[PDB]
Protein chains: 2
Amino acid sequence: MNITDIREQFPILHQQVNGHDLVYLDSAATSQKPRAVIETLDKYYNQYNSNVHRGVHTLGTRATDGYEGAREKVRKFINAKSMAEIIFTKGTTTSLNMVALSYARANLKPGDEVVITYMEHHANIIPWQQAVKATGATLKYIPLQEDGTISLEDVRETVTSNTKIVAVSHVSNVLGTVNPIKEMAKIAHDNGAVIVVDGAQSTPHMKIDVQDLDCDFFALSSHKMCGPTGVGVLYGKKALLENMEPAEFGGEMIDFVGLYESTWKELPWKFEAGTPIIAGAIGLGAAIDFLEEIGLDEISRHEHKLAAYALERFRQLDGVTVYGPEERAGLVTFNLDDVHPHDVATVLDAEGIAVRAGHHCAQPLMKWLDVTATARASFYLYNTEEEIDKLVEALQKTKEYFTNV
Amino acid sequence: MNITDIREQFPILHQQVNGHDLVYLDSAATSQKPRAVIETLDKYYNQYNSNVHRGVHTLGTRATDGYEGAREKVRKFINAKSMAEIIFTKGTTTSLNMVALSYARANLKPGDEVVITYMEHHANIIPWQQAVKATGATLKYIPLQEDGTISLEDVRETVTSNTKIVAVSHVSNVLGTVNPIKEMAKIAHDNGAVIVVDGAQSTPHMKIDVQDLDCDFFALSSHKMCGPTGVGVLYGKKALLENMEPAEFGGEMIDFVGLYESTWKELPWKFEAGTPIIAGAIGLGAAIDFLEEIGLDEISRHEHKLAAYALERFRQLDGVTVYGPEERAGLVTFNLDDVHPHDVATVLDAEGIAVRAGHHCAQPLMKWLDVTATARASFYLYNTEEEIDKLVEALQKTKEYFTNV
Ligand SMILES: Cc1ncc(COP(=O)(O)O)c(CN[C@@H](CS)C(=O)O)c1O
Ligand SMILES: Cc1ncc(COP(=O)(O)O)c(CN[C@@H](CS)C(=O)O)c1O
């Protein structure tokens, strides 16, 4: 894996910001796209754009073939059994909302429990809040260890025989934690529940295997894995998706429509109302081709190299708190003593370094850490150790400057 | 309005299909994009792609500015009062589903009536079916005149004092009918109801004025107005959108998130959960710039010219049934005597002519016409009278061939 060759594929990286070279370290918010994906979108809009499953002319069949081939690329990418288990959505948030509306709100009686965690993104929290409010069920949280990890014993103690849904993220966007999804799925099934994996932060950086994890649902976003914005994937076990009513209604997802009642299509189109995100899904397929061409194991090893390097360099700075475990994904969430994270992000952007500051759409975790805000630098397959050097040097300069104030 | 200059902007038009030049006549399914829109997507992914409202670095603010400027372009394009009334959705289907889930299912008691029409797209039918099923309300239909138009007297007789929602399309994707949306809104308000306009087929071809129409909701799709796929707009009156609960939950749309309850953001972000369709919405803004540069009145006049020409040329063929009124939009829905529409579409694609065959996601209308299937040729701002000549000549050749069989 030559990283110069990879960086040469992303045109947005080769620019300057406020005089300095661009050091993009906000991939956990969104990733950049290689020429393959952008040129896939270009070829679609330039050559064979047409509506899919709706008119059998040449361009129509070309577009339909591209769309469904992207669906099968997704099926192979995450090792799903059937592409009937692969549903194209607007993103991870929309997929989680779909599971919460079509599975949760239809399979929860009072006394049933929905268990999430303290590190969950807001997308994996509020849908469950609203579902248990609509059904009168109970929302429970799995506590976290002092290093930000989850122990399986805490899981077993939190999920009971009255639990219907375990909702948990694969990788934490704040802590960098890689949660034990496999054993958690075993635990949830032993108690008669299903498991919903928020895989928004894991899918771009590590290989996914729905079979090995035995997850009942899995949600991912394309803009974080070098794919176009506005498209994501919901994976559900075919047996579960068959008994779930559609979250949306309209064309493409119906079989027969009478004046008052209608019947639905087979999977997966039962859950894809209206004209789908054609170009977006085909570009996501291009992104999957690109990632598999580089190799997801290689990307994971590069990420772990960057993360260990960043943790060591951060420990070389004093006056910096880093949140989360040692074994982690490629992101570092931190704060500087006596400097607010927004000012850190501002002065880092003055140096052309792009980081995120705030709660990262995880306020319960922020209060769990007893912090109000937080800075974060996230790495992907185009980031170098030289960029982490620039980051830690600018952090030392920020500390020296604010101390001199 | 020079149409050669316009056709030069769409690269997909200059290709051949099965030996013949491409004659794209399926714009009612999806439209083609000019270089402005594709190059807007290219510039976004090449220069300033970043997550919006989430990290204040330079690329982040550039992307946020582009996204919100596209929102304001949409507000100007349809004359909305405030961009708090402009919500970016996945498409017309998703916007109609949002109105049906967040307004209908929360403001319908048994005895309330929801009135639609016989010509409505499936997207403007099944959401109301499911809403009245969830609430126990009543679904009613406004009958159609023998020429496929709606009379205001039939409206007044159908909508009563127990009606909460009139749901009607602005332009019919099958009939070409332009419904009297303004007077229908007056009628609905006189009976204490709101009005939901399915403007999927009107927005690309004619000027929209939410103020003049006084519609309570308006749904549009971007892929039909030269914009990217996967993005559309829901317009709701600010006073109505303020009292509607969000259809989706997650990041970006919340203010405070506790363990069990959360509070929402202001409009419009209250209805935009998760990472939004950034590139898609910015490309839709580019499409709006392009359309306003040509002029929507000019596009409407070109459409009426093409439609009158096509109606006359079709009447020059015998053995052809055309469905709908004389005054119409730029689409012709038809059938040939003793030839099935799928075969018509196949032999037209052999000549490189792209038409749609089937029910066009409007089965109730198909049975209302006492037909099972149907062919359709739709025109947009890049279609010429020479292409309609090719269409009618290929139709005559198809008639001669199938008669010789
Ligand atoms: C673990 C996890 N789960 C869900 C989401 C949200 O998915 P969407 O693609 O935005 O719909 C995110 C992304 N949250 C972004 C932007 S709020 C971040 O900067 O971390 C996530 O990290
Ligand atoms: C009046 C009207 N209302 C809603 C829709 C569907 O909107 P979407 O953008 O697909 O979500 C359509 C488009 N129906 C397409 C493809 S099914 C046609 O070929 O006619 C429509 O014409």
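What counts, and where the lines are drawn
- Residues numbered from 1 in each chain as written, not as in the entry; some residues may be left out.
- Chains lettered and ligands numbered in written order.
- Heavy atoms only, no water.
- Axes fitted to C-alpha atoms, helices over the stretch in contact; angles between N-to-C directions.
- Helix = DSSP H or I, 4+ residues; strand = E, 2+ residues; numbered from the N terminus.
- Parallel < 35°, antiparallel > 145°, perpendicular 65-115°, else oblique.
- Left-handed = near helix turned anticlockwise from the far one by under 90°.
- Contact = heavy atoms within 4.5 Å.
- Salt bridge = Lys/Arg side-chain N within 4 Å of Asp/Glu carboxyl O.
- Buried < 20%, exposed > 50% of the residue type's maximum accessible area, 1.4 Å probe, protein only.
- Domains from an automatic or database assignment.
- Buried area = accessible area lost by both parts, 1.4 Å probe.
- Near = heavy atom within 4 Å.
- Polar contact = N/O pair within 3.5 Å; in protein donor to acceptor, adjacent residues only side chain to side chain.
- Areas by Shrake-Rupley, 256 points an atom, 1.4 Å probe, with all protein chains shown as cover.
- Nonpolar A, V, L, I, M, F, W, Y, C, P; charged D, E, K, R; others polar.
- Pairing = 2+ DSSP bridges.

- Looking at the entry header, you'll see X-ray crystallography listed as the method and 2.7000 Å as the resolution.

**Overview of the packing of helix α2 (residues 35–48) of chain A against helix α3 (residues 58–77) of chain A**
Residue and element names in this part refer to chain A.
Working step 1: Their axes nearest at 10 Å, the elements α2 and α3 cross at an angle of 160 degrees. Between α2 and α3, the angle is such that the two are roughly antiparallel. The handedness of the crossing between α2 and α3 is left-handed. For the pair α2 and α3, the contacting residues are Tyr 44, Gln 47 and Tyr 48 in the first and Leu 59, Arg 62 and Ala 63 in the second.

**So, the pattern of salt bridges**
Working step 1: Counted under the stated rule, the structure contains 44 salt bridges over all chains.
Working step 2: With a shortest N-O distance of 4.0 Å, A:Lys133 and B:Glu261 are connected by a salt bridge. You can see A:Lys133 sitting in helix α5 (residues 126–135) and its partner B:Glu261 sitting in the loop between β11 (254–257) and β12 (262–264), one on each of two chains.
Working step 3: Taking relative accessible area as the criterion, A:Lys133 reaches 46% and is therefore assigned partly exposed.

**Regarding the domain arrangement of chain A**
All names here are of chain A.
Working step 1: What the domain assignment reports for chain A is domain 1 (1–27 + 295–405) and domain 2 (34–294).
Working step 2: Taken over C-alpha atoms, the centre of domain 1 sits 28 Å from the centre of domain 2.
Working step 3: The partner domain 2 presents 38 residues to the 35 residues of domain 1 that form the contact.
Working step 4: Taking both sides of the interface into account, the surface hidden between domain 1 and domain 2 amounts to around 2800 Å²; carbon and sulfur atoms contribute 64%.
Working step 5: By the criterion of area lost to domain 2, the three top residues of domain 1 are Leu 296, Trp 368 and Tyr 380, representing 22% of everything that side buries.
Working step 6: Taken together, domain 1 and domain 2 are joined by 0 salt bridges.

**A look at the site of ligand 1**
Working step 1: As a structural note, the neighbourhood of ligand 1 is formed by 20 residues, with A:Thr93, A:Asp198, A:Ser221, A:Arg356 and B:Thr275 the closest of them.
Working step 2: In this structure, ligand 1 is bordered by residues of chains A and B.
Working step 3: The contact in question runs from an oxygen atom of ligand 1 to an N or O atom on the side chain of A:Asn173, over 3.0 Å.
Working step 4: A:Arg356 places a side-chain nitrogen or oxygen 2.7 Å from an oxygen atom of ligand 1.
Working step 5: If ligand 1 stood free it would expose 510 Å²; the protein chains cover 99% of that surface.
Working step 6: Residue classes in the shell around ligand 1 are distributed as 5 nonpolar, 10 polar and 5 charged.

**Topic: the site of ligand 2**
Working step 1: With respect to spatial proximity, 20 residues lie near ligand 2, and among them A:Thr275, B:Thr93, B:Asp198, B:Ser221 and B:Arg356 are the closest.
Working step 2: Neighbouring residues of ligand 2 are not confined to one chain but are distributed across chains A and B.
Working step 3: Taking A:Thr275, its side chain carries an N or O atom lying 2.6 Å from an oxygen atom of ligand 2.
Working step 4: B:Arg376 is positioned such that a nitrogen or oxygen atom in its side chain is 3.0 Å from an oxygen atom of ligand 2.

**Some remarks on the sheet that holds strand β8 (residues 194–198) of chain B**
All names here are of chain B.
Working step 1: With respect to topology, 7 strands assemble into an open sheet ordered β4-β10-β9-β8-β7-β5-β6, the strand pairing being mixed. Each edge of the sheet is formed by a strand with only one pairing partner; in this case those strands are β4 (86–89) and β6 (138–142). Across the sheet, the mean angle from the axis of one strand to that of its neighbour is 20 degrees, orientation sign disregarded.
Working step 2: Bridge count between strand β7 (residues 163–169) and β8: 5 bridges; the pairing is parallel. Along β8, the bridge assignment pairs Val 168 with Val 197.
Working step 3: Lying over the sheet, helix α3 (residues 58–77) contacts β4 and β10 (232–236), oriented at roughly 115 degrees with respect to β4.
Working step 4: The strands touched by helix α5 (residues 126–135) are β5 (113–117), β6, β7 and β8; relative to β6, the strand with the most contacts, the crossing angle is about 145 degrees.

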